[PDB]
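First, one chain by itself: the form solved without this ligand, in structure tokens.
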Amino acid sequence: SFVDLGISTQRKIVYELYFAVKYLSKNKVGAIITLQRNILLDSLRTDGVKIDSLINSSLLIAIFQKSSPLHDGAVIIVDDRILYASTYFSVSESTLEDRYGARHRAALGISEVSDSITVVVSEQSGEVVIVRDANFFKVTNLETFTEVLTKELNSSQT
């Protein structure tokens, strides 16, 4: 559903996510941002706060600060809106409760049951990955981010 938006809207989403990721990665702030595409994620949602806001780098940075009520769980972006924050899913990979690898596992789970793209920033290393269909594209150079993410969002869907 990203592919159906005007080029201005797509470019906005990518740039805002870019600024957010630059901050989060540099300061080693964990985050899970999931862009839903054609498979609607609402069916698989366990918990989560619905905020239905415009997507914005500053709001994202606020959401994922350690002292924030919304920094655990996943943000779900639908078209150009942050629909949910602190979202969890009943996928069968995020059933471990071990902290290490938790967001990577949650992202993998989501990617296995939907065509969604999921950016993950690691609280430990600040490393950034783009998770899609059980693959982890590791973004070692953040100045490739906008390009990589764009390709991911325009790939073949379900």
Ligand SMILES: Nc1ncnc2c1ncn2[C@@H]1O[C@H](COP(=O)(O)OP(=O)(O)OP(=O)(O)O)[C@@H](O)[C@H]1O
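So that the term is clear: the rigid core is the largest set of C-alpha atoms that superpose within 1.5 Å between two forms. In this text, residue numbers run from 1 along the sequence as written.
Missing here is the form deposited with this ligand bound; even so, the following discussion is about that form.
In the modelled overlay, this ligand taken from its pose in the deposited complex has three or more atoms closer than 2.4 Å to backbone or C-beta atoms of this form, which marks the pocket as blocked. For the options 29, 63, 91, 129, the one in contact with this ligand in the deposited complex, meaning a heavy atom within 4.5 Å, is 91.
Distance criterion of 4.5 Å from any heavy atom to this ligand in the deposited complex singles out 102 from the list 59, 102, 39, 51. Partner contacts here mean any heavy atom within 4.5 Å of this ligand in the deposited complex, and among 51-59, 111-119, 66-74, 129-137 they occur only in 66-74. Once both forms are fitted on their rigid core, the CA atom of residue 125 lies less than 2 Å apart between this form and the one not shown. Core-superposed comparison between this form and the one not shown: CA of residue 52 displaced by less than 2 Å. With the core held fixed, the Cα of residue 93 is displaced between this form and the one not shown by 2 Å or more. Relative to this form, in the deposited complex the C-alpha atoms of residue 23 and residue 94 separate from one another by 3 angstroms or more. Cα-Cα spacing of residue 87 to residue 95 is enlarged in the deposited complex versus the present form (difference of at least 3 Å).
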